[PDB]
């Protein structure tokens, strides 16, 4: 039987992996699940049969401390990251985080079969600062085209992973590059759905219109996204399928959409009146929601929500970052040609993840 390690279990995809791995019908199930994180176990992670572990993977001592006793690990799911001012600092911080984990697991786990590493569609468009500013390859992005000639901590992590798996015969790897992730995790540093839900709940409480905080290309152009549960199934599939070993795969829901339509979905789900894209405005939730923490705590008590601080639940800079730029699509041909036929209805996923945030009483 298989034993999984989820590096970043309170994450947006780690929480999906924590919910799906111990399922009875999950491939290679039953699954024993260790889940690594720093914070204490929150309230939306409590009803899963997961063996929680508190550890800062940037500290090589706590990583040797907490992970050396773990003997039975068969598969590893690295699904965390760290943000810094420049991309060079992200290469250093995230390379060391992945290295500390692998230095421990590979020798101290005799049955280690697979390591799956989650990167992203930034692999193709470049780091945050350079996005829209550098000549990329032409979309839709395919997995095995040359890397951009710029720094990128996805590149740094991939090279590291390739060297580390060599230290064990029959050790095998996979990397998964999702688009914007539709999922549920209040602790996530990039939870787009949760951020858009809070902005809709604040527009509702104030009687103001849900205005689009982005550009016309995100409003009127084609967009796609990656469902968190679908990314989890994508990890598990590559972890257990030997015809997907040592390969990089995109993972997106399989359909496109326009935030023009999704806005009315978001508007319908919170009772707000849908606003349209206003030209020559360039509205930023980071600016628009400045100093609105009292309004949030007013919403929380008036709707019996869970005790949440606006900063944790809404990452305005991320939301602004995604809606201010056009959406270049990726291709799911390589995954489908290797036998992964999973998919999601992006509209239904959006509603589904909105309703999960409502269900856990994070938004009204």
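Positions refer to the first chain, counted from 1.
query = In the PDB record, does 242-250 or 166-174 carry the higher mean Cα temperature factor?
reply = Looking at the record's C-alpha B-factors, the answer is 166-174.
Could you settle it for me: does 267-275 or 176-184 have the higher average Cα B factor in the PDB entry? For C-alpha atoms only, the mean B-factor is higher in 267-275.
Quiz item: According to the deposited entry, which of 217, 230, 197, 189 has the largest Cα B-factor?
Solution: Comparing C-alpha B-factors across 217, 230, 197, 189, the top value belongs to 189.
- Query: According to the PDB entry, is the CA B factor of residue 333 in the bottom, middle or top third of its chain, that is, lowest, middle or highest?
  - Reply: Its C-alpha B-factor, which the entry lists for residue 333, ranks in the lowest third among residues of this chain.
Name the third of the chain's ranked CA B-factors that contains residue 143, choosing lowest, middle or highest.
-> Lowest third, going by the recorded CA B-factors of the chain.
- Would you please rank residue 115 by its C-alpha temperature factor against the other modelled residues of its chain and give the third it falls in: lowest, middle or highest? Residue 115: CA B-factor falls in the lowest third of its chain.
Exercise. If you rank the chain by CA B-factor, which third does residue 137 end up in: lowest, middle or highest?
Worked result: Within its chain, residue 137 is a middle-third residue by C-alpha B-factor, going by the deposited values.
Checklist entry - Lowest, middle or highest third: where is residue 97 by Cα B-factor in its chain? => result As the PDB entry reports it, the C-alpha B-factor of residue 97 lands in the middle third of its chain.
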